[PDB]
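Data block below; observations after.
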Amino acid sequence: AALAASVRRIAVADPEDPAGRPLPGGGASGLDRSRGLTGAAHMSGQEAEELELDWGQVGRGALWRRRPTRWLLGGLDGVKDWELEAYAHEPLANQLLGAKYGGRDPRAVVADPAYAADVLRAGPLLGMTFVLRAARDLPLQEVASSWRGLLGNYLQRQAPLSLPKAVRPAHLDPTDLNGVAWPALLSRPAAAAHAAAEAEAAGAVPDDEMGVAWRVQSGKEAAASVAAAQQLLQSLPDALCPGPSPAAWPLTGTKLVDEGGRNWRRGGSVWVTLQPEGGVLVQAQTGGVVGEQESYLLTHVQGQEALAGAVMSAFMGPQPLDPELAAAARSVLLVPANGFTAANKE
Amino acid sequence: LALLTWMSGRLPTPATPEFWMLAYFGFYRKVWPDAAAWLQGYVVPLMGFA
Amino acid sequence: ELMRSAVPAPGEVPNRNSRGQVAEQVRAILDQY
Amino acid sequence: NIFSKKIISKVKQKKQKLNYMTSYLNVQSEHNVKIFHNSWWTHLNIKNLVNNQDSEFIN
Amino acid sequence: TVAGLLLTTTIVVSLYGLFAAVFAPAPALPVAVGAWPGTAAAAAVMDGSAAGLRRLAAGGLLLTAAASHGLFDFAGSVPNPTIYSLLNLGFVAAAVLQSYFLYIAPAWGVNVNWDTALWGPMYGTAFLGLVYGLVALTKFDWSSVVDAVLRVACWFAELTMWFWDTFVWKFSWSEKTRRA
Amino acid sequence: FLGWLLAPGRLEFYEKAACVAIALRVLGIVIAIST
Amino acid sequence: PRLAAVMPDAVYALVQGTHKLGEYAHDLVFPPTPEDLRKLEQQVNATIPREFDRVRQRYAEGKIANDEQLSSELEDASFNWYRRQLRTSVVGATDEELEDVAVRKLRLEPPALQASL
Amino acid sequence: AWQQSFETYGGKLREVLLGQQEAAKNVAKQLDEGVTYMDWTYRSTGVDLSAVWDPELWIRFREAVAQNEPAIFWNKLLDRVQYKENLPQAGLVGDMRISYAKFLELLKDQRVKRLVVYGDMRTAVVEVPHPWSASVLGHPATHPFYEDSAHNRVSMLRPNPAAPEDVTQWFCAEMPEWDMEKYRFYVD
Ligand SMILES: CC[C@H](CC[C@@H](C)[C@H]1CC[C@H]2[C@@H]3CC=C4C[C@@H](O)CC[C@]4(C)[C@H]3CC[C@]12C)C(C)C
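Protein chains in written order, with the entry's author numbering: chain A, 174 to 519; chain B, 254 to 303; chain C, 243 to 275; chain D, 1290 to 1343, 1360 to 1364; chain E, 260 to 337, 370 to 471; chain F, 356 to 390; chain G, 14 to 130; chain H, 109 to 296.
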């Protein structure tokens, strides 16, 4: 661990016995060349591709306490709450949406609302990520009440969810605890189309071109899940602010918030991801010197389809927090469906 | 201005050539090509035309 | 002994005195009393 | 708090003497102004001896 | 005085707002490509419910323009020097109230930065009305701001004289002495 | 500049001048209170 | 008189006075701790050598001095600590022979890294 | 009266500072970094003060006011004013020049302990240990710094299993620099 914490790279003697001359291995390792930096890690392209960072940036937007005015002096009136970015899985974005809406006029594909409901309901399937960072000083009570009022209306005004059908069980193989079957799933007989078809014969036949058999849940399971979601949000002033003592608050004792226990630091980042089956992943990261950045995993709830739908149709829904990033992200989710990738790593 | 009044023994007013030489050279060719951008980016938005 | 610095410390350098300084020392101790 | 001040002043002067005396291990001395035959070599104009007597590419 | 400059600048700005508002049919709102291709009024045209709104704004701007021209060329002697004290109310208070509306405009979330011929003269004439409230509030003599100029010039002169005599060359050295 | 300004010879001159200065100041005030 | 002696005293007085004024600036804005003064009490106590603890107990039980007998008591404590440190320099410490002195002043051994963690 | 103002403003300033405590410790770093390297003065005033300003003296003054040891300051400042006294006078005796080829040769074969390149970068003082004070051989010409219990100086030879029979190709540790006797040669 002490070796790993420092940087010292040590050449390796050749297993060839004659002289033990160190080999030209060396290595620049653009992930190593990037410490000491502040914002991100320049990566020289292909290196990030071989690292499986399969979430290309899709849209940048800003949550403003008050958007800036051109007319008053210099736009100093502009006060921004957060600076948010979004990302989405590009291989899968090519796989599902590229087989149905690909091959047409891009304008014609985005122009009809079928594609809109597509990008709305198939969002959580892609494992879409939202990375929003702190742009100023933030007390937790303030932004917490803000978030409650923000996700209340999206909790109230939404219909039953539209979910696919689980074709394969995907049991785990405990004795093999790092093996995943999707290579076998695509290369079972080298003709996996027919076996996959006779496999979905049991569950259901897809409703459209890409291969999803939609099932919008009926009357019930549409309020019980929403009631459980409202409950999970009801735990925000309690989980964020348990009791009157910050000494026992979960935020104190680490650099994501100040040592005073009541302000959140600028450069703090929140990552949100949405699994297919209503699962939520949420992480945090205090920014700054890349050499000492601290990542944090907050919680992993499952089954909460209501909050997943709320997040996706709040960021990208009919009435999003800022329609500009919604439009930009939908168009830039169209652009890789032709095959390519934004931030062109080929 | 301070040094000119101390040396010549009188303040340069718009009635004198010293004031106009100072104005033109100093002001117009040293501070104006930048204070112009400052006012074009800070005070003109307040009024009607952007 | 692999992760030692080879740059000793600002501290573990003991003093070494020039000729003028040994003369200063010899005077200040011969007439200490 | 006087006793600590006195005993620590004693060991401070003692450590100073340890440093100025022999191989002590962590202490920083203080230097003095030198008022004597200071540098002894600016007292001299020796250019005529060294250049063996006994600026045109510029302009 | 700055009263004349105030009112004549409100004249120019309001008449230019009119000349740019009554001569063009309408601007166009950005389409924001890919913004909810169904509902939410995106990727549409501006409505016949706002052109008349723009013309009404322009007509009010013209009426207050002619009002400012009247007050300016009337009180240029600053016949009635004191009657306008009534319309003084009307000329200023509402103006400030105007700004209040626009000061709550970012709160309502209405966008004023994208379009040119609507909120530009809005904020301009509103702030200019508050500034006329200032011109009547502190009564700039047109020679008092010049006095502030002279005050800061005298202060900086006393700073540079000290800087010279302390760090550049002593005033006792530079100046000639007499009697011998 | 300072190494030339605070040379030992200039130091001794400064010291002697200041000594005579303080001497004459206190002697003048002695003869002035003696009036 | 003797500027060569005045200048070092001048700079010493300057920096020490600045340190005092900074201490005052820190004790009024941030008032002093009520009980961690005992933390610093004991942690400046712990580094007092053993040869002084003999008067520390003599400082507790009444018979310290009038004011002068201690100021000639702790003198010989200072001096025996002085000669003890001299012997530790030359002939080494109590549990250390000449081979270990040559080891220590040749800087032959590294600081124990396995025992560190 | 000044103490009356201190006791009055102290309680007010303490609470105001403890209020934020987040910018009041980054305003500290900005102010200290700006006062250390006076690199803000050109666009602020027009006088580029960074060319006559000395960061190391300021950092030493800060440390000597924070740890109350004036030597850390004085000891530095004194060698600025008295720089002509610190030219080497010990290992240089007469016409102690070497030639550029002799210096290059000594450099290539690792006999130079310390190279001191001067201000103009066109003059150097080579430092070369006495041959017996270079390694830790127990030669009876080095002062007995390191000795055994039985008072025999220590030596650190290793017989070079690849090239034996020639003592000059053996391996041995080097001696601490503060224990070498050194010639200080001059070179243009
Ligand atoms: C409109 C909000 C928007 C971003 C989305 C965030 C605030 C939402 C997405 C997932 C949610 C959590 C899911 C499970 C947990 C754990 C539970 O203990 C209490 C409720 C809580 C925090 C949930 C509530 C907060 C979370 C993070 C912002 C950008 C406006």
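Quick reminder that beta carbons are idealized off the backbone N, C-alpha and C, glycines included.
- Under the DSSP assignment, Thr-407/E falls outside any beta strand (DSSP E); it carries neither an H nor an E label.
- Comparing alpha carbon positions, the residue from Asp-108/G, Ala-90/G, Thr-31/G closest to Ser-1298/D is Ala-90/G.
- Taking 8 Å as the upper bound for CB-CB distance, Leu-419/E and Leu-265/E are in contact here, some 6 Å apart.
- A straight-line Cα-Cα distance of about 49 Å links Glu-48/G and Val-264/C.
- Here DSSP, grouped into helix, strand and coil, assigns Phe-278/E to helix.
- Rounded to the nearest whole angstrom, the C-alpha separation of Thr-427/A and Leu-470/A is 13 Å.
- When C-beta distances to chain A are compared with 7 Å, the residues of the region 409–424 of chain E below that value are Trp-410, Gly-411, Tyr-414, in chain order.
- Contact with chain E is absent for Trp-285/B, since none of that chain's Cβ atoms lies less than 8 Å from the residue's Cβ.
- When C-beta atoms of the region 296–309 of chain E are compared with those of the region 1323–1341 of chain D, fewer than three pairs fall below 8 Å, so the two segments do not count as touching.
- Within chain G, no residue has its beta carbon less than 8 Å from that of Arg-188/H; the closest one is some 13 Å off.
- For a Cβ distance threshold of 8 Å, residue set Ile-1324 of chain D lies close to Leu-366/F, ordered along the chain.
- Here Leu-413/A is not near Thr-459/A, since their CB atoms are 8 Å or more apart.
- Contact with chain H is found for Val-28/G, since one of that chain's Cβ atoms lies less than 8 Å from the residue's Cβ.
- For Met-305/E, the closest of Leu-322/E, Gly-293/E, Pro-289/E by C-alpha to C-alpha distance is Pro-289/E.
- Taking all protein chains shown into account, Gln-314/A has fewer than 16 neighbouring C-beta atoms within 10 Å of its C-beta and is therefore exposed.
- Looking at the DSSP output, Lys-253/A sits in a beta bridge with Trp-237/A.
- By the Cβ-count criterion, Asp-40/G is exposed, with fewer than 16 other Cβ atoms from all chains shown falling within 10 Å of its own Cβ.
- Secondary structure remark: continuous beta strand (DSSP E) runs of at least 3 residues inside the region 428–491 of chain A, in chain order: 441–447, 453–459, 467–474.
- Taking the Cα positions, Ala-17/G is about 51 Å away from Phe-279/H.
- Leaving aside the five residues that flank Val-282/A on each side, the residues in its chain whose CB is nearer than 7 Å to its CB run, in chain order, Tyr-274, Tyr-288, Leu-507.
- For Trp-320/A, the distance from the CB to the nearest heavy atom of ligand 1 is below 7 Å.
- By the C-beta density criterion, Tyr-254/H is buried, having at least 16 other C-beta atoms within 10 angstroms.
- Residues of the region 243–261 of chain C whose Cβ lies closer than 9 Å to any Cβ of chain H, in chain order: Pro-250, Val-255, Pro-256, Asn-257, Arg-258, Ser-260, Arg-261.
- The set of residues with a C-beta under 6 Å from any non-hydrogen atom of ligand 1 comprises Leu-305/A, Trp-320/A, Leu-323/A, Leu-324/A, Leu-405/A, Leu-406/A, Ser-408/A, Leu-409/A, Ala-412/A, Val-445/A, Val-453/A, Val-455/A, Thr-472/A, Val-474/A, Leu-480/A, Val-484/A, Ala-487/A, given in chain order.
- Between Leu-498/A and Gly-232/A, the gap from beta carbon to beta carbon is short of 8 Å.
- In terms of beta-carbon proximity, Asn-176/H stays away from the interface with chain D, with every pair separated by 8 Å or more.
- For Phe-303/A, no alpha helix (DSSP H) segment is defined; the enclosing uninterrupted segment is the beta strand (DSSP E) at 302–307.
- Rounded to whole angstroms, the Cβ separation of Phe-302/B and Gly-411/E is 6 Å, and the two are in contact under 8 Å.
- Counting along the chain, the unbroken beta strand (DSSP E) around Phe-293/H starts and ends at 290–295.
- For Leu-223/H, the enclosing beta strand (DSSP E) covers residues 222–225.
- Here DSSP, grouped into helix, strand and coil, assigns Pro-379/A to coil.
- Boundaries of the beta strand (DSSP E) around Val-234/H: 232–237.
- Residue-level contact by beta carbon fails for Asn-1341/D and chain F, as no gap is shorter than 8 Å.
- With fewer than 16 other Cβ atoms from the protein chains shown falling within 10 Å of its own Cβ, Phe-513/A counts as exposed.
- Rounded to the nearest angstrom, the gap between the Cα atoms of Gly-376/A and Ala-259/A is 33 Å.
- Taking C-beta separations shorter than 7 Å and ignoring five residues to either side along the sequence, the partners of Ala-396/E in its chain run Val-403, following chain order.
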